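Counting neighbours? That spans all protein chains shown, and the Cβs are built from the backbone with ideal geometry, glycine included. A short reminder: the numbers here are calculations on the coordinates, not readings from a lab.
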Ligand code: SF4
Ligand SMILES: [Mg+2]
């Protein structure tokens, strides 16, 4: 069990705002998700998934089920029985409506039926084992979960992330996925794309030259070091939490999972 500093698309997002979303990025939220998560209040507030999360997880299980018994796309009752496997009758009404829209959307056009599926995840498997990445002499554990892997006719490995809602596409997630994929199919050409199951919209195809791969490695190593330094500082200065993870307050603090426990929450 050799310990190495962690990194993920979630951590990268927690550390750098995406260009164009800088005003909706609060470092104190990262200081709650890491570095204070093991306090009971933070762990409780982090156990409850919002509706946007449960919608997506149900949809991932939806495509998984549609492909476990293929009859559920060839028969006339598939969407209904998949909704039964999803126990969608136990969810709230709005969840049911959104999910049914998405399930019917995949029944109308199953995007992976035409494809040679290497793996289709159920959405409940958690993070795989981390891959150790070596930049310089620094090594860090990258964690990445592929929603789907298939092989194109040209023998290109295609990583597909399945999304729902208004969620845009952060190409940094695709960068994480391409980097992690290179260590599982080292000899193959690898591409990544997004697909929203609720908008039936797809992204273009994303690839990375070797130069861009090393660039992503360098940035991720820098951010892992910074994360560890800040965690160490909070350990060294246990009373200065809001200094080390500085708050950016406002209306966006009505959407934080931690509004109830953040001393700088805007309550307006
Ligand atoms: S309530 Fe606002 S200031 Fe506090 S952690 Fe959440 S986003 Fe940051
Ligand atoms: Mg997904």
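Counting helices only, and only those DSSP H runs with n ≥ 4, report the 222 nm mean residue ellipticity of the chain as the sum of -39,500 (n - 2.57) divided by its residues, in deg cm²/dmol to the nearest 500.
Only helices count here, giving -12500 deg cm²/dmol.
Set the Förster distance to 41 Å, then compute FRET efficiency between residue 212 and residue 71 from the Cβ-Cβ distance, nearest 0.05. Present the calculation step by step, with values, prior to reporting the outcome.
Details: r = 43 Å, r/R0 = 1.05.
Once rounded, the FRET efficiency stands at 0.45.
By counting other Cβ atoms within 10 Å of each Cβ, how are 24, 12 ranked from fewest to most?
Working: 24 13, 12 21.
Ascending number of Cβ neighbours within 10 Å: 24, 12.
Please compute the contact order of the chain in relative form: average sequence separation of alpha-carbon pairs under 8 Å and at least six residues apart, divided by the residue count, as a percent.
Working: 339 pairs, mean separation 59.7, N = 268.
Worked out over the chain, it gives 22 percent.
Pulled fully out, how much extra length does the chain show between residue 226 and residue 167, if you take 0.36 nm times their separation in residues and subtract their Cα-Cα distance? Mind dumping the intermediate values first?
On the way: separation 59, 0.36 × 59 = 21.24 nm, distance 2.73 nm.
Between residue 226 and residue 167, full extension yields 18.5 nm more.
Roughly how large, in nm² to one decimal, is the mean projection of the convex hull of the alpha-carbon atoms in region 129-188?
Values: hull surface 21.1 nm².
So the mean shadow area of the Cα hull is 5.3 nm².
So what does the Cα-only Debye profile of the chain read at q = 0.08, 0.11, 0.15 Å⁻¹, as log10 I(q)/I(0), no solvent term?
Results for the chain at q = 0.08, 0.11, 0.15 Å⁻¹ read -0.38, -0.73, -1.24.
Within region 132-152, find all residues whose amide N lies under 20 Å from a label point positioned 7 Å from the Cα of residue 184 along Cα-to-beta-carbon.
Hits in region 132-152 for residue 184 at 20 Å: 132-134, 140-152.
Provide Rg and Dmax in Å for region 1-55, with only Cα atoms included in the calculation.
Just the Cα atoms of region 1-55 yield Rg and Dmax of 13.3, 39 Å.
Consider all pairwise Cα distances in region 213-268 and report the whole-number % of them above 15 Å. Don't skip to the end; give the middle numbers.
Values: 943 of 1540 pairs.
Looking at region 213-268, the distances longer than 15 Å represent 61 percent of pairs.
Considering only DSSP beta bridges whose two residues both sit in region 138-268, what percent are antiparallel, to the nearest 5? Please list the in-between numbers first.
Details: 7 of 14 bridges.
The answer is about 50 percent antiparallel.
Working from the pairwise distances between different alpha carbons, so that the mean of 1/r is found and then inverted, what is region 49-110's Kirkwood radius in Å? Intermediate results must be reported in sequence, preceding the final value.
Details: mean 1/r = 0.0878 Å⁻¹.
Final number for the Kirkwood radius of region 49-110 is 11.4 Å.
I'd like the orientation of helix 51-68 relative to the chain: the angle between its Cα long axis and the longest Cα principal axis, in ° from 0 to 90, rounded to 10.
40
Quick one: Debye curve from the alpha-carbon atoms of region 163-268 only, equal weights, vacuum; give me log10 I(q)/I(0) at q = 0.12 Å⁻¹ to two decimals.
-0.70
Can you give me the angle between helix 93-108 and the longest principal axis of the chain, using Cα atoms only, in degrees from 0 to 90, rounded to the nearest 10?
50
So if I take the centroid of the Cα atoms in region 87-154 and the same for region 1-15, what is the distance between those two points in Å?
20
Taking every eigenvalue of the Cα gyration tensor of region 1-147, multiplying by 5 and rooting it, what semi-axes result, largest first, whole Å? Intermediate results must be reported in sequence, preceding the final value.
Details: eigenvalues 233, 88, 42 Å².
Taking √(5λ) for each Cα gyration eigenvalue gives 34, 21, 15 Å.
Sticking with the crude label model, points 7 Å out along Cα→Cβ, report the distance from residue 200 to residue 118 in nm, one decimal please.
2.9
If you count the DSSP beta bridges with both ends in the chain, what percent of them are antiparallel, to the nearest 5?
Values: 16 of 25 bridges.
Beta bridges within the chain, antiparallel portion: roughly 65 percent.
Any chance you could give the angle, 0 to 90 degrees and rounded to 10, that helix 171-182 forms with the longest Cα principal axis of the chain?
80
With the crude spin-label approximation of a point 7 Å out along Cα→Cβ, what separation in nm comes out for residue 53 versus residue 131?
2.6
Using alpha-carbon positions, what is the distance between the centroids of region 58-74 and region 196-229, in Å?
Distance between centres, Cα-based: 29 Å.
Using a basic spin-label model with each label point 7 Å from the Cα along Cα→Cβ, how many nm lie between residue 154 and residue 44?
Modelled inter-label distance: 5.4 nm.
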